[PDB]
Each structure stands twice: as structure tokens, then as C-alpha cells.
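Reconstructed Cβ throughout: ideal geometry from the backbone, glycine too, with neighbour counts over all protein chains shown. No lab work stands behind these numbers, since they all come straight from the coordinates.
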Amino acid sequence: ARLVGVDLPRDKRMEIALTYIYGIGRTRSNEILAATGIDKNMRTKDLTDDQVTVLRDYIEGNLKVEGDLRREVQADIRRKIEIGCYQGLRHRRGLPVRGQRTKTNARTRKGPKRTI
Amino acid sequence: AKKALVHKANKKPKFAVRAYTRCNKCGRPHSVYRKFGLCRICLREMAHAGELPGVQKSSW
Amino acid sequence: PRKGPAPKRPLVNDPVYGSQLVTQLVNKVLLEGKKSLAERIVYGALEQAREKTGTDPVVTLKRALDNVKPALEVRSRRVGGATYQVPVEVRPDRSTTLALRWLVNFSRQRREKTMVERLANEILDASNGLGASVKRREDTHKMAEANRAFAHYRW
Amino acid sequence: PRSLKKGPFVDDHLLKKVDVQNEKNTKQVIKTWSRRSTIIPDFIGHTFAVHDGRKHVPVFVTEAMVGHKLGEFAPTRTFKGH
Amino acid sequence: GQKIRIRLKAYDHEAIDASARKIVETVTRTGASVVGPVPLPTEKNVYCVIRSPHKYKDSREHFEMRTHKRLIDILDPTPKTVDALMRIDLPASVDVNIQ
Amino acid sequence: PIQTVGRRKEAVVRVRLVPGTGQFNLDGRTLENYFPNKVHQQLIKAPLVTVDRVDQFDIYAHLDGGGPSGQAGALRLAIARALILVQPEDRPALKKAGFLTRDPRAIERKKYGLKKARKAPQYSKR
RNA sequence: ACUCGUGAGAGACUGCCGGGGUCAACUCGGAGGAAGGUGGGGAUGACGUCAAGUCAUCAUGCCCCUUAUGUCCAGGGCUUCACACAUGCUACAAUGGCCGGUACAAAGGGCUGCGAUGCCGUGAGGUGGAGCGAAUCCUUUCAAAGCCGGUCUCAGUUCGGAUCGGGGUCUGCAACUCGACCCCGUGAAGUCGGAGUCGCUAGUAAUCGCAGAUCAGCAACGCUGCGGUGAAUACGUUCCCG
Ligand SMILES: [Mg+2]
Ligand SMILES: [Mg+2]
Ligand SMILES: [Mg+2]
Ligand SMILES: [Mg+2]
Ligand SMILES: [Mg+2]
Ligand SMILES: [Mg+2]
Ligand SMILES: [Mg+2]
Ligand SMILES: [Mg+2]
Ligand SMILES: [Mg+2]
Ligand SMILES: [Mg+2]
Ligand SMILES: [Mg+2]
Ligand SMILES: [Mg+2]
Ligand SMILES: [Mg+2]
Ligand SMILES: [Mg+2]
Ligand SMILES: [Mg+2]
Ligand SMILES: [Mg+2]
Ligand SMILES: [Mg+2]
Ligand SMILES: [Mg+2]
Ligand SMILES: [Mg+2]
Ligand SMILES: [Mg+2]
Ligand SMILES: [Mg+2]
Ligand SMILES: [Mg+2]
Ligand SMILES: [Zn+2]
């Protein structure tokens, strides 16, 4: 299926189909499906348009999803990097902000490994 | 241990979070037992001399 | 071992059937010390093989064991700076142990998407002569017959 | 994060300094030695000279950076690279 | 029917047994019913200490502290027995609790 | 009244024999309900099979401590001991079978400098 | 009348029998017995070697500072990073993840400390606080693996959880360098691994839990201890190390 520009998987359980939406994850999907009363084990083959549309209505009314989320994320990044904050300088240097052990770990943030 | 510092620690600190152990016999800051008030080496010496009433070698 | 041969444990017999081979198989397939779970695996695979083949499970088990058990093994030793392969006969007990080990190892590496199924299919293939264990024994005997020229070392 | 029930903590001496400063309406460089005091909307148009371990670095504070401690905008360690 | 919990605390078996005996003889002399020194789980405290200062941690030493606790459940608390228990002196190694 | 006791790895059990039927009472429930494991049933019933006196003895069990296997071993040992006590005639055969011999193995001491029991920590020559 | 906890005693000494042995040590087998040939484990380091480690536990000979290299206080640092090595945890999935029902242990701690029942929070936690200086009250009736029922059909996946944003609780006068925990978004590398190399011979290997020291908060995946389920193999010293 398709929703908000997101191609719902051909055959996947809704608990992860809603997870694939960038603004909703595992526990958010669990709470949303609990609230709507929808079974979390059924397959995509039985999906219907009206329930999907009302779910879209609820999620857009109560939450912000996709491009808006991105935009406030980069807005936060730019304001923090402009105000000279510690997190701003860490983003400038491309390093973790919490201040983990940069000695050996943090390869995830530092990206590929290059030898000298 | 600097005697100035050990006497200072004995002196009542201006705040409740600034108190710590400072083993009495030698003033070692690290590795000190709360119950005995003595550190590792002091406990070793007292136990081996047998002057501490209750400590003995353990073998079970 | 230097002082002498150590005693061997008195393995106990299976109550469900009465064959120590089943006990040996469950012991070999034991993983992370889950005895009951391994026994359940073995019983389920045996029942599946029985229902697929329509024959006696113990009978087909001995058939596969006799088909796949080896007779000769190759040992390595270095003489004059050159490493040579020397073959030597193997006793029946170790032959059976190696047969069971091969059965388990080549049941490990099938692609049936389910281990309880893979074990049964490997047993059937070994029984009918199309098993990876059978191929392994073929290769072992081929290597022994090819490199038995150095038998005069007798070590 | 500071608990909401207790509320933000501000040094008494620094609070008095800013209060007298904004009562007199004069804007000058305040010799600030508290890296712990949190910022309050009353710091809209004041300048603080915080201590970085070597010398006082003056920093201008506006409404943009509300909700952060003083030490966030004053780097402590210099890293020139390799 | 009144019962008093006479608790004995000590570190050494010889002295705790001697104190319990002494209590038994004095109770018998005064003529009161006592169950005796019923056994209890003894407290065991284990402390581990590094062998030497400045690293060298692969070797350690372990220490133990044993305290023996005995209960003397005295029944029919005769005032003479109570006064005798009060004025009987015990070694410092043995502690007597009256309750 | 007749009484017996068995021990295996801190598993202490109480067993009393009755001349009744062949019912097993383990803390108010049957052998199948309590510890439903074929190994446990066979190890519990082995001494009775060896003696060949099936279905005229009732046992009532009070259990404390240990685990499933330990309790099963303690029960088998206790019933063997009670069998010998009630009928010493079969004692030679049962002892030859090996049911009256207590099993003197359990968890051993943990020694400092190691991880547990006897396992050696990772020791490298580097 | 049995465990139970803690006092005394008995019990393994080649004790006896048969054969080898110089009729000697010692050895093989057998009977009794809980154990048979130091039953299992711990405490236990001879003369000396490595000018081994420690003037930062402490003590000490000599030199050095004494108006300083002694001393108070505010802030910062000991947690910095384009890299390299060592020790552990999490995995790489079906002997499995998740959801519901369901039974078995040991030992230890508790005074300026444990914290019951009840009420509200998804849950960290907020109110209150009986019972305890402790076989009694709390650490949940000490659990987890285990057993039964349903989904997943081999996917970078319902496996896997780091990184980055948005909200709170708790100890602390003091959480931005610089704590932990709870709620959410976030979905990266990783499909059993190169020469080479390490541990282990019975309750052992492996796997799964619990408690304590230091401590108000914790960098606790470390150390110390207490446990559940529980293997395979040893033909024999030619080759590697001592
Ligand atoms: Mg402190
Ligand atoms: Mg200390
Ligand atoms: Mg090393
Ligand atoms: Mg020497
Ligand atoms: Mg030296
Ligand atoms: Mg030297
Ligand atoms: Mg000195
Ligand atoms: Mg100085
Ligand atoms: Mg520092
Ligand atoms: Mg450091
Ligand atoms: Mg893990
Ligand atoms: Mg469950
Ligand atoms: Mg709640
Ligand atoms: Mg429970
Ligand atoms: Mg994941
Ligand atoms: Mg996981
Ligand atoms: Mg990968
Ligand atoms: Mg793949
Ligand atoms: Mg290789
Ligand atoms: Mg801590
Ligand atoms: Mg134990
Ligand atoms: Mg264990
Ligand atoms: Zn000391």
C-alpha cells in the first residue's frame, strides 16, 4: 500500500508497516495499534482503504511525520551549530555529543576507517 | 598522606557531601573498609599480628 | 594418557527404545547443555523420518550407520623435512563414533530451512546412498587408497 | 536535566549582580566565575566574561540560546587538528 | 507464664560454652527451668584483601569472622534468678543480652 | 511406623512406607504431576523393578532443597534404604545392583583467582 | 518419631584373600564397605635467581625549597583524537525472537539503613510507612534456563541494538566538559570470520541466574562468592614447549 509518500510493503505485518514510517517506530506502532484496536498479526493482503485513511487522519492530527520531522531536526542542528554550543562544536567535528569513549569506539560516527 | 590534608578531612567540612574515610592509622584514601575503619594493608598487619579481636584466616 | 589408558565412562541405555546408539546421538547433538531439548529434537526428527519412509527407524538407523562407517583413516607425519600422509586402520568403536560425528556435521549444513527436517533428510540420504556423509566416506577411502603407498612407515 | 519541581538553580551573588545591573540599566562586562549558573530570560541584553581555565572570554547572550548553561558556549579544550 | 530471652553473643567456642555452662549451673542452683543452649545458625563474614600493595592483584587473601549465638530460654523468671544473672560477671569475650 | 531419608546435592527427602497399594504421593500430587520427566520416573521406579514386588507399597514424600535431579536421586536412595530396612533378605542383590551406595559428589569449592568451580581464567602468554 | 541448625565420638589402615616379586619395598585382581589404595577441594612457597615491583600506605641515610616546590579558596583537567594493541559483553538467528499459562536452589546484608499493605503513575518513581539491630520483618512465596499454546518461513529479517532528536523521575548547594534510569522517534556495521593463537580430562566443557565489598547518586559488561541443566575423547609419546 501507499501512505504519505511511503510505499507500504507488499506483505508485512502492520506493526512493522507503520514502523517503516519515519515518524513512527516499534513502541509507537504498538500503542497506535492498541488504541485503534487493530490486530498486529494480520497480513497486508487484507488491508482496506478506510481504516488506513482514518489512521492517517489520527497520526497527522496528533503527530508530525516525515518532512516536518526532518526540518525541525536540521533546524535544531543549525541553531546549535550557530550558537556555539558544545553539541554544535561536536556536530562540526562529526563526533558523538554524549562524550563516549572516542579512544577506540565511535567508529559508527567516525565512518569508514582510514590508515596512516 | 599529607598530615595537613588528613587533619583537614578530620575537620568538619562546610558541606555534607565532602566527607570521606581516610583510614585512621595511615590515612589511605582508597580501599578502606567502612566497618573496621582500616585499609587493606592495615587490616592485613593487624590480623597477622593477631591484635584485632575477631579476624582469622579463612579456609573452607 | 602418559601413565596409561584412562577408564571409559559406563554409558547408559535408552529406555524409550533400548539402543545406546540413540543415547550417543543425543549426546553428540547436545548443544549448550540442553538435554531435554536435544532429546526432543532427536525424537521429532526420528518420527518425521519414520513417517516419510514408512519403515523401522532403528532398522534404517543401523542401515545408515553400516553404510557410512569407515574402515581406513589418514594420519600426518613429517620425515626428513617433508610432511607425508600415512593411512592406518581404525577400530570399530571409533569408526562408529566418526560415523555419528559425520552424520551430525553434514546434517548441520543443509538448506531445508528447518533443522528437525534437515536431520531426517540427511538420515534418509545416508540410508539410500545419496548423503553428504556417504560422499565424505567416499573421499576418505579414495585418499587412503591413493596415499597407502607409504604404508611401510606403519605408525 | 534539572527536575521541574525544584526549578532552575541560579547563584545568589550572580543573581544580585544582574539585578543591580538591570536596575541601573547599565550594560558592562560582568566578571563571571560561575560556570554552573543557569541562564534566565532576564539575561537578554547582558555580557558575561566566563572563565575558560586560561583567561576570561566575553560572550554575548540573546534570546536565541535560551535554555542552556553558561559553560555550553565557552569551549574548555582547544583542538587545532593534526 | 513469663519467658525471658537470654541471648549470648561471643566469638570463641570455648568461652561461649563456658558462659553457657556457668548460666546452666547457676540456674540449676537457683531452681529454675531452662531449655539450654539451643543451637543457631552462626554468623559468617568473609573479607577478601589483595596480597600486596601497588598492583600484583593475581594473589589475594581471605579472612573470616565467626560469631556464635546461643539462646537460653528461661521460664518462671524468679527474682532471685534474675538478680543472680544481674550480678554474675562474664568474660568480655561473651556478651549477655537480657530481654 | 517406618521411616527413611535420602540425600543428594542438598536434596533431603522424607519417605514412609505403607502396606497399601502402589500409589506414590509427592507433596499431595502424583508422580506424573510432580516432575513429569521419563528419566525421573525410571530412576524412581528402578529399585522397585529390581526387587520385583510391584504394587503393594505406598510412599508419602516431604521435600525440601535441591533441584529436580537431586530430589529424584534422594528419593530413589531413600526408597532403596526403606526396602532394605523392611526386608533385609534382598540386601545382597540390591547392593550388587548398586542402589544402597550413596553418591558422594556435589558442587565443589570455588577457588580465588578463577571464574568459578575449577575453570581456569583466560591465560595467555602475551 | 527423620532433615534443620551446633557440641562429642566412630569410620581407610593394603584392613583381609590369590598371583608376581630377592620373601623386601611395591604392584595387578577379588571380598566387605559411603568411599581403596594421597576419597574431592582449600590454607600451606626450602637455600637462591630476576640490582624483579613499591622513597605515592608507612618508616628511613643524604641532597634540595623555606618566603617557596608549604598552604586556603573559584573554575578547568585527570573522560582530550586522523590511529594502534589487550581483556570482556551483545550478536550474526528457527536448539531461535516475541506473546499468555506454568514448578523447582544456595548463600549473604540491613541504624541516621532495609523498607510491608494501600493509592497514582506504561515505568523510572511520588504519598505514606507495619515489621526489624534482625532462623521471626524486607531482600518479592529468591528467581532464569525448563514444560504447554500462537506468530514468524529464511528477509539485513518480528534477529540485532549503537548513533542522532523530542519529554520526565530520582541523590546531590552543586548533572553543559561530566552520572544513572524511565518514555518515544531514529534503524547504521555485522551471514561464523586470514595466517596465527588461547581455555578445558568430571560435576569437568558449555549455557542460564542470584548476593556482597568500595557507595547518597553511579562509568560495575570488572572482582569476590552462591547456585540450575549438564557433555565428547584420551590409540600412544616420532614431532612443538617447559
Ligand atoms: Mg563520596
Ligand atoms: Mg579506601
Ligand atoms: Mg597479562
Ligand atoms: Mg628459593
Ligand atoms: Mg631494583
Ligand atoms: Mg630495577
Ligand atoms: Mg622511608
Ligand atoms: Mg604544592
Ligand atoms: Mg582532574
Ligand atoms: Mg584515566
Ligand atoms: Mg548476550
Ligand atoms: Mg514467560
Ligand atoms: Mg503503575
Ligand atoms: Mg514467581
Ligand atoms: Mg533491531
Ligand atoms: Mg536481542
Ligand atoms: Mg553485516
Ligand atoms: Mg545471507
Ligand atoms: Mg586457519
Ligand atoms: Mg556504585
Ligand atoms: Mg555450597
Ligand atoms: Mg554454578
Ligand atoms: Zn591504613
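Worth pointing out:
- Residue count, segment B:3-22 (criterion: of a type outside the set (S, T, N, Q), surrounded by 12 or more Cβ atoms within 10 Å (Cβ to Cβ) and near RNA strand G (Cβ under 7 Å from one of its atoms)): 1
- For segment B:1-27, a tally of residues being closer than 28 Å to E:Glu43 by Cβ and within 11 Å of ligand 2 (Cβ to nearest atom) returns 2.
- Residues in segment E:46-99 that are among the polar types (S, T, N, Q) and either loosely packed, with under 11 Cβ neighbours inside 10 Å or touching a strand residue (DSSP E or B) at 6+ places or on another chain (Cβ under 8 Å) (or both): E:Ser59, E:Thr67, E:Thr81, E:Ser93, E:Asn97, E:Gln99.
- When residues of segment B:7-35 are limited to those that are of a type in the set (A, V, I, L, M) and over 12 Å from the mean Cα position of the chain (by Cα), the one nearest to the other protein chains (Cβ to nearest Cβ): B:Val17
- Only one entry in F:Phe99, F:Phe35, F:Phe57 is within 14 Å of chain C (Cβ to nearest Cβ) and either away from ligand 23 (no atom under 16 Å from the Cβ) or over 21 Å from C:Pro15 (Cα atoms) (or both), namely F:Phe35.
- Residue within segment B:20-37 that is outside any loop (DSSP other than H, G, I, E, B), within 14 Å of ligand 23 (Cβ to nearest atom) and in contact with a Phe, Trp or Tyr (Cβ under 7 Å, 6 or more places away or on another chain) present: no
- The set of residues in segment B:38-51 that are touching a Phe, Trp or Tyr at 6+ places or on another chain (Cβ under 8 Å) and more than 16 Å from ligand 2 (Cβ to nearest atom) contains only B:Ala47.
- Filter pass, F:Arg81 being within 27 Å of F:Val51 (Cα to Cα) and within 6 Å of RNA strand G (Cβ to nearest atom): no
- Output for segment F:72-95, where each listed residue is among the small types (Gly, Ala, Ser) and buried (at least 22 other Cβ atoms within 10 Å of the Cβ): F:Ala72, F:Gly73, F:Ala74, F:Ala78, F:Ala80
- Filtered by the rule that a residue be closer than 14 Å to E:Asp58 by Cβ, surrounded by 10 or more Cβ atoms within 10 Å (Cβ to Cβ) and either hydroxyl-bearing (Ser, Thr, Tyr) or away from chain E (no Cβ under 12 Å) (or both), segment F:102-126 gives F:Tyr112, F:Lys115.
- Filter result for the condition that a residue is aromatic (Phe, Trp, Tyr), within 12 Å of another protein chain (Cβ to nearest Cβ), without any contact (Cβ under 8 Å) to a residue 40 or more places away in the chain and touching a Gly at 6+ places or on another chain (Cβ under 8 Å), over D:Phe73, D:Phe60: D:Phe73
- Within segment F:107-126, being over 15 Å from B:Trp60 (Cα atoms), within 16 Å of ligand 22 (Cβ to nearest atom) and among the small types (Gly, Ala, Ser) holds for one residue alone: F:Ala120.
- Candidate set from segment B:23-35 (those that are within 16 Å of ligand 1 (Cβ to nearest atom) and of a type in the set (A, V, I, L, M, F, W, C)); member that is surrounded by the most Cβ atoms within 10 Å (Cβ to Cβ): B:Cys23
- The residues on offer are C:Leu46, C:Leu25, C:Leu31, C:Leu21, and the sole one that is assigned to a loop (DSSP other than H, G, I, E, B) and under 19 Å from the mean Cα position of the chain (by Cα) is C:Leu31.
- Exactly one residue among B:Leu52, B:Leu38 is surrounded by 14 or more Cβ atoms within 10 Å (Cβ to Cβ), farther than 25 Å from E:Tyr56 by Cα and within 13 Å of chain E (Cβ to nearest Cβ), and that residue is B:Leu52.
- Scanning segment C:102-120 for residues that are surrounded by 19 or more Cβ atoms within 10 Å (Cβ to Cβ) and either within 16 Å of C:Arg63 (Cα to Cα) or in contact (Cβ under 8 Å) with a residue 24 or more places away in the chain (or both) returns C:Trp102, C:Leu103, C:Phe106, C:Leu119, C:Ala120.
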